[PDB]
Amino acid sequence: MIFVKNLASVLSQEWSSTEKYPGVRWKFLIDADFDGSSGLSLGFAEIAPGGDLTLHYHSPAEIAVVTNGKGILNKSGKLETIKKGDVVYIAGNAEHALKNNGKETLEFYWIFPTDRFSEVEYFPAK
């Protein structure tokens, strides 16, 4: 199994979102629930201006690849700005958040060492 995905390829998948996290939306691009892939899973997320992926944690390690815009990464209390061209490593169960305070949409891929997103349990930090 080898395959290529982009936003055009997942046009017929609806965006995921929740009232719990205003301004945040996501799609699944490499994911066992859609593709039968395994070992790694990847999604594409957008954070609108003012949106906040609030402080949370989850057991798998995570990489984010920032593809557009800029934001403020909350590294368990220590803030650092991120932007297009950055990659982010987040250790498993490390508390992190991401806020968009710019003009552009903050867009990024996330990657988990899991077969799929839906088996990752998200916990709010507080």
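Residue numbers run from 1 along the displayed sequence.
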query	finding
Stretch exceeding the other in mean C-alpha B-factor - 23 to 31, 46 to 54	46 to 54
Which of 80 to 88 and 93 to 101 has higher mean CA B factor, as the PDB entry lists it	93 to 101
Chain-wide C-alpha B factor ranking for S38, given as lowest, middle or highest third	middle
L11, C-alpha B-factor rank within chain (lowest, middle or highest third)	highest
